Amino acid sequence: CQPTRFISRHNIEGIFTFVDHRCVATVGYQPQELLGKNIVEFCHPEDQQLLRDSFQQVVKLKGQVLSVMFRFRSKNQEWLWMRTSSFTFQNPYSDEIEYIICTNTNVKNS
């Protein structure tokens, strides 16, 4: 069985700037319920800081993968465990600000 997972892109603050529509079946929100909001707003109070420090670190790691586990509030208001694997991308023909590519998977905490 394939895990449910969706792709998103964020700015360095954490704001969703792109959402893969596989999110409907993963967390039950439509893409536009995600777009423009920070990922920290769907996150469990106990895990918000770790997620903030994750986004801060992802940019210092030379575009290598950073993984984080946190509880994400589905459109049902249920806490789902997510593993978000993230990395920076920065097109080297330019000097535009790097952004963050995330893969977001519903995993088991056990």
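Residues carry their position along the shown sequence, with the first being 1.
- 59 to 67 and 81 to 89 differ in mean CA B-factor, and the higher of the two is recorded for 59 to 67.
- For the pair 41 to 49 and 28 to 36, the mean B factor over Cα atoms is greater in 28 to 36.
- Annotation for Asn76: CA B-factor lies in the highest third of the chain's modelled residues.
- Ranked against the other modelled residues of its chain, the C-alpha B-factor of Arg22 as given in the entry falls in the highest third.
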